[PDB]
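query39.pdb (PDB, C-alpha atoms)
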```pdb
MODEL        1
ATOM      1  CA  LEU X 375     101.535 123.909  71.910
ATOM      2  CA  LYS X 376     102.411 121.473  74.688
ATOM      3  CA  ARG X 377     102.699 124.365  77.102
ATOM      4  CA  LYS X 378      99.256 125.497  75.955
ATOM      5  CA  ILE X 379      97.786 122.062  76.605
ATOM      6  CA  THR X 380      99.303 122.052  80.072
ATOM      7  CA  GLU X 381      97.837 125.471  80.683
ATOM      8  CA  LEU X 382      94.337 124.154  80.048
ATOM      9  CA  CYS X 383      94.907 121.133  82.181
ATOM     10  CA  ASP X 384      96.221 123.122  85.033
ATOM     11  CA  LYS X 385      93.369 125.492  85.048
ATOM     12  CA  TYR X 386      90.849 122.714  85.005
ATOM     13  CA  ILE X 387      92.510 120.752  87.729
ATOM     14  CA  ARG X 388      92.819 123.696  90.044
ATOM     15  CA  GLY X 389      89.247 124.196  91.079
ATOM     16  CA  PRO X 390      87.869 121.580  93.477
ATOM     17  CA  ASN X 391      86.918 118.938  90.950
ATOM     18  CA  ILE X 392      87.386 115.275  91.838
ATOM     19  CA  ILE X 393      90.474 114.649  89.733
ATOM     20  CA  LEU X 394      90.986 111.156  88.272
ATOM     21  CA  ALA X 395      94.656 110.510  87.592
ATOM     22  CA  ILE X 396      95.797 107.378  85.766
ATOM     23  CA  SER X 397      99.275 105.901  85.502
ATOM     24  CA  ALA X 398     100.745 103.221  83.269
ATOM     25  CA  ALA X 399     102.555 100.543  85.257
ATOM     26  CA  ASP X 400     105.648 100.795  83.067
ATOM     27  CA  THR X 401     106.361 104.385  84.049
ATOM     28  CA  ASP X 402     107.708 105.194  87.494
ATOM     29  CA  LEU X 403     105.151 106.869  89.757
ATOM     30  CA  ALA X 404     107.328 109.931  90.278
ATOM     31  CA  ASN X 405     107.889 110.126  86.532
ATOM     32  CA  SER X 406     104.246 110.289  85.389
ATOM     33  CA  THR X 407     102.897 113.798  84.841
ATOM     34  CA  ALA X 408      99.313 112.882  85.743
ATOM     35  CA  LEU X 409     100.124 112.010  89.356
ATOM     36  CA  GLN X 410     102.771 114.749  89.481
ATOM     37  CA  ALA X 411     100.291 117.459  88.490
ATOM     38  CA  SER X 412      97.673 115.904  90.781
ATOM     39  CA  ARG X 413     100.151 116.421  93.618
ATOM     40  CA  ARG X 414     100.917 119.904  92.281
ATOM     41  CA  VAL X 415      97.325 121.114  92.608
ATOM     42  CA  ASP X 416      96.429 118.781  95.530
ATOM     43  CA  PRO X 417      99.192 118.502  98.143
TER
ATOM     44  CA  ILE S 766      97.581 136.673 102.104
ATOM     45  CA  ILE S 767      96.937 133.230 100.611
ATOM     46  CA  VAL S 768      98.999 130.073 101.193
ATOM     47  CA  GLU S 769      99.014 126.684  99.450
ATOM     48  CA  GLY S 770      99.888 123.268 100.835
ATOM     49  CA  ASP S 771     103.209 122.419  99.173
ATOM     50  CA  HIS S 772     104.940 122.258 102.589
ATOM     51  CA  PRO S 773     102.593 121.286 105.447
ATOM     52  CA  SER S 774     105.235 121.812 108.176
ATOM     53  CA  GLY S 775     105.614 125.595 108.184
ATOM     54  CA  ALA S 776     103.336 128.326 106.856
ATOM     55  CA  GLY S 777     104.142 131.943 107.553
ATOM     56  CA  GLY S 778     106.524 132.401 110.457
ATOM     57  CA  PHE S 779     104.260 130.107 112.466
ATOM     58  CA  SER S 780     104.318 126.350 112.983
ATOM     59  CA  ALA S 781     101.525 124.042 111.853
ATOM     60  CA  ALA S 782     100.336 123.402 115.418
ATOM     61  CA  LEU S 783     100.533 127.085 116.376
ATOM     62  CA  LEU S 784      98.498 127.823 113.241
ATOM     63  CA  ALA S 785      95.815 125.274 114.148
ATOM     64  CA  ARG S 786      95.600 126.661 117.681
ATOM     65  CA  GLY S 787      95.258 130.124 116.190
ATOM     66  CA  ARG S 788      92.317 129.033 114.019
ATOM     67  CA  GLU S 789      90.521 127.584 117.028
ATOM     68  CA  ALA S 790      91.296 130.781 118.943
ATOM     69  CA  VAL S 791      89.813 133.052 116.264
ATOM     70  CA  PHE S 792      86.663 130.886 116.061
ATOM     71  CA  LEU S 793      86.236 131.047 119.849
ATOM     72  CA  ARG S 794      86.700 134.824 119.707
ATOM     73  CA  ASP S 795      84.038 135.439 117.091
ATOM     74  CA  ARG S 796      81.512 133.012 118.632
ATOM     75  CA  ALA S 797      82.051 134.529 122.108
ATOM     76  CA  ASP S 798      81.471 138.078 120.893
ATOM     77  CA  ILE S 799      78.340 137.008 119.016
ATOM     78  CA  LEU S 800      77.063 135.130 122.072
ATOM     79  CA  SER S 801      77.429 138.105 124.428
ATOM     80  CA  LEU S 802      75.850 140.501 121.957
ATOM     81  CA  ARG S 803      72.896 138.141 121.494
ATOM     82  CA  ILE S 804      72.478 137.719 125.257
ATOM     83  CA  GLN S 805      72.283 141.487 125.689
ATOM     84  CA  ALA S 806      69.883 141.671 122.741
ATOM     85  CA  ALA S 807      67.676 138.961 124.231
ATOM     86  CA  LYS S 808      67.672 140.905 127.522
ATOM     87  CA  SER S 809      66.860 144.205 125.768
ATOM     88  CA  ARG S 810      63.469 145.912 126.077
ATOM     89  CA  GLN S 811      62.845 145.439 122.344
ATOM     90  CA  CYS S 812      62.543 141.666 122.909
ATOM     91  CA  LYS S 813      59.984 142.048 125.728
ATOM     92  CA  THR S 814      57.066 141.933 123.294
TER
ENDMDL
END
```

Spit out the file's structure as structure tokens when you get a sec.
Amino acid sequence: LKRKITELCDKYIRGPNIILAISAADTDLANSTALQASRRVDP
Amino acid sequence: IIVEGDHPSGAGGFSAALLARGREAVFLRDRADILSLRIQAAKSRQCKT
């Protein structure tokens, strides 16, 4: 399930869309998936 | 071949600066060849009229 959700996200993020990542202040920046995947598809 | 930007220091066996200089070199090559061909074409007889 979770892997499936990631799969959709990844595909969508890939193509050159303007990706809007958010991050809760409590979580460390490195720790959050949003920014981590944003850096995965956008170095 | 396709490359992604996970490591912007080295791609292929070539450095990042050598790669950039290679891109500029290929562009200059193609534009030069086109320019000479189009000069000869503009000097051809078919362009007289």

Next item on the list: Measure the distance from atom CA of residue X:401 to atom CA of residue X:380 in Å and round it to one decimal.
Entry: 19.4 Å

Margin query: Just to confirm, what's the straight-line distance from atom CA of residue S:794 to atom CA of residue S:806 in Å (one decimal)?
Written below: 18.4 Å

Note to self: Based on all atoms listed in the file, which of the residues in chain X come within 8 Å of chain S? I want them as a count of residues only.
What the structure shows: 3

Nearby residues (only C-alpha atoms) at most 9 Å from stretch 384-392 of chain X, same-chain spacing under 3 positions excluded, as an mmCIF file with C-alpha atoms, in the coordinates of the input:
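Ended up saving to out-v2.cif:
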```cif
data_model
loop_
_atom_site.group_PDB
_atom_site.id
_atom_site.type_symbol
_atom_site.label_atom_id
_atom_site.label_comp_id
_atom_site.auth_asym_id
_atom_site.auth_seq_id
_atom_site.Cartn_x
_atom_site.Cartn_y
_atom_site.Cartn_z
ATOM 1 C CA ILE X 379 97.786 122.062 76.605
ATOM 2 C CA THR X 380 99.303 122.052 80.072
ATOM 3 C CA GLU X 381 97.837 125.471 80.683
ATOM 4 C CA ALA X 411 100.291 117.459 88.490
ATOM 5 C CA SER X 412 97.673 115.904 90.781
ATOM 6 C CA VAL X 415 97.325 121.114 92.608
ATOM 7 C CA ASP X 416 96.429 118.781 95.530
#
```

Check: Which residues, written as an NGL selection string, have at least one atom at most 9 Å from residue X:408, with only C-alpha atoms counted and residues fewer than 6 positions away on the same chain left out?
Finding: :X and (394-397)

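Picture a line from atom CA of residue S:803 to atom CA of residue S:785; it runs 27.3 Å.
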
Padding 3 Å on every side, please: axis-aligned box over the listed atoms of stretch 796-810 of chain S, centre and edge lengths to one decimal in Å, as lines of an AutoDock Vina configuration file.
```
center_x = 72.8
center_y = 139.5
center_z = 123.1
size_x = 24.6
size_y = 18.9
size_z = 14.9
```
